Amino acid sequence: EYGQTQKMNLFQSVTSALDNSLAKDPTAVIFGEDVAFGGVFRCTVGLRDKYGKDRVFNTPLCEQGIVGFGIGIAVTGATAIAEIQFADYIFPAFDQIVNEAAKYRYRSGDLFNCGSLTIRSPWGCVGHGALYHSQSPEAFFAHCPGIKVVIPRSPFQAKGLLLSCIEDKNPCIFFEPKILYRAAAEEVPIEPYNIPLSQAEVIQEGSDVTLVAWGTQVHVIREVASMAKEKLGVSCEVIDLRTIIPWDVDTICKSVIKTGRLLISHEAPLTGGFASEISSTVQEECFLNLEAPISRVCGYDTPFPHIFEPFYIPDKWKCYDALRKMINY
């Protein structure tokens, strides 16, 4: 349906998106720490040789500068694709993202904007990353009107969502689940294609319970749905949220009106996590349909540990047990 494909893992799909963007948009540039030689996760391999040192280039080691600089390129109308080397290190740029990028169009009455900025950054747990190689900061950004935050679950989804972010006329943060960069490949179209922002995807229909997640945690809830079917005879509807803000309220509520039960899962800590927004909204819109309390199965409210990672993450057993109790409520 999208022309010739090749097997691509998620890092390769990001390179493919970036290459397609450079090719078709002469204004576009890519920059950040260590992007010139191909990046610490290989996402920019080959691009500087192909497109030129003026278009794919290293910056000094300064995240607040990286984002501020990217905002400035986008103010002139040129496409700016900034990289932050790990999402854990995006916080130096929080003021440029929240006080500047997100508010740029509103506060000028649309005289100026930085819509052509995309910030991309590796995200989520990786087995042994501990406090500063594992973080999933999306809930910090979700409380900032003016930015879009997008997280793919696979190589196909990543390339289509990244192209949409690059082309969207709003500053976008694209979080790439790093534990998937070299995981299983899948077929990905070689030429450009887009997947819409603010649209969830129902990847398995079901009638007893709605399960919502994003990034790697989508694969966990897909496996939970299988455990539920086999062990409990329970039919789960499995939904990938994809865009954290602005999020697809209608797809989630339509599913919960049908099933009457919702479990949301994410690696980020429970308190203030984005499951909190989904649950309270679904509760408001689907109150009379709710058969059981909405469940949130999330990381604990601690920093992300090194040796204890296997005990910290909201894995398939934690999600399954939560689901079991909810079915029995």
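Residue numbers here begin at 1 and follow the sequence given.
As the entry records it, the average C-alpha temperature factor is higher for 232 to 240, out of 123 to 131 and 232 to 240. For the pair 62 to 70 and 300 to 308, the record assigns the higher mean C-alpha temperature factor to 300 to 308. Among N99, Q157, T118, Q199, the highest C-alpha B-factor recorded in the PDB entry belongs to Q199.
Of the candidates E186, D95, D110, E83, it is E186 whose Cα B-factor is highest according to the PDB record. Sort the modelled residues of the chain by CA B factor and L18 lands in the middle third. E191: CA B factor lies in the highest third for its chain, per the PDB record. Sorting the modelled residues of the chain by their CA temperature factor places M227 in the highest third. Among all modelled residues in its chain, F57 ranks in the lowest third by Cα B-factor. Ranked by C-alpha B-factor against the other modelled residues of its chain, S255 falls in the highest third.
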